[PDB]
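Working notes, beginning with the structure itself.
Cβ sites come from the backbone with ideal geometry, for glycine too, and all protein chains shown count toward neighbours. No value in this document is a laboratory result; all are computed from the given coordinates.
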Amino acid sequence: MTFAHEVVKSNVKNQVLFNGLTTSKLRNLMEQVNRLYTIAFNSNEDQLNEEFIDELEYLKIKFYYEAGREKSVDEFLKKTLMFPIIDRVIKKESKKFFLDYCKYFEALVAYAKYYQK
Amino acid sequence: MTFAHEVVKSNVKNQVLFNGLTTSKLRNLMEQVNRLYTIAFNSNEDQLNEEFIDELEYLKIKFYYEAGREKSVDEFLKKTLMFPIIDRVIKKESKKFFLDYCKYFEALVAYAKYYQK
Amino acid sequence: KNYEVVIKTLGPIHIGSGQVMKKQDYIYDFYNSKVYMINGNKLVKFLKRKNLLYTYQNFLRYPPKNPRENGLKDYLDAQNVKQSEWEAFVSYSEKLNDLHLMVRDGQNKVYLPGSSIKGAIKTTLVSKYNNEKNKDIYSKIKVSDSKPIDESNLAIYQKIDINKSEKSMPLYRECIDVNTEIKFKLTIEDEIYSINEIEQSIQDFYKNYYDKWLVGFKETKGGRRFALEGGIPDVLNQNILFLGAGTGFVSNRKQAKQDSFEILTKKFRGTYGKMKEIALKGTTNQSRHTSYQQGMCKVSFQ
Amino acid sequence: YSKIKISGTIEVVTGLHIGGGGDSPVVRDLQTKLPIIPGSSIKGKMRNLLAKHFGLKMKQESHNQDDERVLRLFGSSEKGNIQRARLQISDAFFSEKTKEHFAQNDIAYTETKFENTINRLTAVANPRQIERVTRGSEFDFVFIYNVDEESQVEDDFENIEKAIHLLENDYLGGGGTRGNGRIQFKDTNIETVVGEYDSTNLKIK
RNA sequence: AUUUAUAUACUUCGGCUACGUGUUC
RNA sequence: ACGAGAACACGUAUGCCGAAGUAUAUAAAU
């Protein structure tokens, strides 16, 4: 959807990335999404498991906590709108859309990785 | 179109290949294109599938990320202009032209393979 | 051929899995010195069956930023969860800003990877034979993974920077307890590097390690406390090796100094650049006032 | 003419990483999406090991021509000769008891151990994610023994049982020198599926 | 609590429609 | 009452044979 690419280009300010965000600040983040990526890729049906719903809730927990730690993490998590998309994934109970979100976050990660000091 | 052959000959500098590029640096690359090659060769109509559009987007993801990792990969991906041709393929939604791009990249791979230390 | 190898853990052993446990899933008990890992499924199912999930959410989701109110025990106590109930929701326990977890198997039991055990063996073999094609003589040496290790031999330990003046490091690592006996099977495809050959080689590495580096930390309270308690004069006859993390780099002084400067340039340039204009790893047990160094254990063949 | 069925189960004692398709995944089916042991790996391991256990000359080492009994048991048919493989080694499937065991114990179907690459005198680390079939997994396998000549069944099954034993004392798959790939054989049953050959006095450990 | 993120080698090698048979009574 | 009229390019046999997705490099430093 590459709107992530557009926002990342809009976030290279005069240089800094998201005003002090580094890819290693994202460690716990992509680790959680990849762990969920595995547990979901194992599943068969698109109808999500309900401990999987619990795991998505726990992921939102990690989001709110990372945002609490750092201001740059807060800015990143707010502008690029992780938060409504997680909410709608929780509301939808669809696996394929979960992987769509996964590729979304991975796109953010890769593009930022190439877009650095 | 063999302009790939011309650029590869222009890229044998005094010897090195693309200033430190090796065919095994291309592993993930040709693996992705071949995987897409299979999924597309299975299709019937030339009008591309839209998860196929998503897959092309994911391929562009792999492109920037590989470019981010290595400088030689960046030089290769920039000069030989993978990037506009992927953009126009995404814009065109045509299968036969997708296979045309596929044999393009395979031509690059083979010629480079014969064009080595 | 094939041999069974026993491992007796003299001190804390760490094999990093890359999981740094965060401000969650533990209860650090200041007054009893135990940290309680919490099962995710049972805890959240308790939150759901008592309708405390919603309150727990807003508690965690609003970080009070108050250091006394940024744990899990305070969150549980604010809901007045019984101590008996709380103790049941504890998956497993060990005697903490973060916590680095160990490697665990498919059933979350801990085992020694074949990589780390062989990796330390390779470090020893390279030194003894100055890398006498030791890269080639891998493919004909085979190490099997250890058998599982029950939880009862796991504990928390702080990393201490033991110099002439001791300093405490901020972070904690999980380790296998003292005197734990560990089994694994060895396979030999080349008779040239026989079993006695391996034992002598690693012993010689230990002796060179002593007369280069383990003599230097004397006059330190903990240092002489550890070295004498471990009996390192007799250990020169004993078969000892540092495994995985927690061991210094050294597992001439001028070349060592230059190499250390280069390594620290590559490592700490992002946090402490003081090296460019310029330290032993140990664990001190509050229970016993006994400091151990992380890594060493006895190895015996059969 | 007759055929003899060799059936059993393989359990997995340490990690298993066949990785034929390759962060670096393993070979997995696409009907049900569970890992499998390709029969090609079974046959390659068995052939190489049983061949090396008897004689192996450098001229023998040259071009995949080996002693007469392996060339009989597994088949070569290039050197202007008539010989077809007398064993039909199939693929291995992650059995149903394992399905239910891990499903009702909530244990994953595969671990993911992390690796590192400590460079000498540089101490810079290079990470690595790798995936492997968990311990205790069991697969079911079948071998079919065609009977071409009546008088060599006994000796061939003696060689087959030696192959099974030697495999039991060796690894299977990838990275076996770093401690993953140990297997063990149990629950072997021998039946005559087509014909009038007797399968009573015949045993495999 | 702070940097990596799979790395270089090989990406199918060997060995290349035969017979009744064409046409007439 | 057409150099016409009858007339299955038809019948027997495969993509097989042998080949392991391998072989190296400890989740580390303060």
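Couple of notes before you dig in:
- Charge context of C:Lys159, other residues only, Cβ under 15 angstrom, K/R +1, D/E -1: -1
- On the beta carbon distance between D:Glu68 and D:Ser24, with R0 = 30 Å, the FRET formula returns roughly 0.15.
- The GluC sites (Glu not before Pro) of the stretch A:25-93 meeting both criteria, a DSSP state outside H, G, I, E and B (loop) and at most 12 other C-beta atoms within 10 angstrom of the site's C-beta, are A:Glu45.
- Compared with the alpha-carbon gap, the fully stretched path from D:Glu168 to D:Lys203 is longer by 11.0 nm at 0.36 nm per residue.
- Structure-based [θ]222 nm, chain D - -39500 (n - 2.57) summed over DSSP H runs of at least 4, per residue, nearest 500: -7000 deg cm²/dmol
- Each stretch of four or more DSSP H residues adds -39500 (n - 2.57); spread over every residue of chain A, this sum gives -23000 deg cm²/dmol at 222 nm.
- Förster radius 30 Å - calculated FRET efficiency between C:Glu219 and C:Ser287 (Cβ-Cβ, nearest 0.05): 0.75
- Label point distance in nm, D:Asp148-D:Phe114, each placed 7 Å from Cα along Cα→Cβ: 5.3
- Cβ-Cβ FRET estimate between C:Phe268 and A:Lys117, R0 fixed at 22 Å, reported to 0.05: 0.75
- Cα shape, the stretch B:1-42, gyration tensor, a/c 1.5 rule: oblate
- The P(r) of the stretch C:1-99 has a tail past 17 Å containing 60 percent of all C-alpha pairs.
- Taking 22 Å as the limit for the C-alpha separation, the pairs A:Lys25/C:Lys65; B:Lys13/B:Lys60; C:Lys142/D:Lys5 exceed it in the case of B:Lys13/B:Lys60; C:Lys142/D:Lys5.
- The stretch C:134-184 versus the stretch A:54-105: alpha-carbon centroid distance in Å: 36
- Label sites at C:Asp211 and A:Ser94, each approximated as a point 7 angstrom past Cα along Cα to Cβ, lie 7.3 nm apart.
- Top positive-direction residue, dipole computed over the protein assembly as shown with Cβ charges, set D:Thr117, A:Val33, D:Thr192: D:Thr117
- Rg/Rh ratio calculated on Cα atoms of the stretch B:31-117 (Kirkwood radius): 0.98
- Summed over qualifying helices (DSSP H, 4 residues or more, each -39500 (n - 2.57)) and divided by its residue number, chain C shows a 222 nm mean residue ellipticity of -9000 deg cm²/dmol.
- The rule of thumb for compact globular proteins, 2.2 N^0.38 Å, goes into the C-alpha radius of gyration of chain D 1.17 times.
- Spin-label pair B:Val109/B:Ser43, simplified geometry with 7 Å Cα→Cβ offset, distance in nm: 1.9
- Label-reachable residues, the stretch C:250-294, where backbone N falls under 12 Å from a point 7 Å from C:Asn163's Cα toward its Cβ: C:274-275, C:278-280
- Projected-area mean, the protein assembly as shown, by convex hull of Cα positions, square nanometres: 40.7
- Subtracting the Cα-Cα distance of C:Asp25 and C:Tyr54 from their residue separation scaled by 0.36 nm leaves 8.7 nm.
- The stretch C:277-298 and the stretch C:2-54 have Cα centres spaced 22 Å apart.
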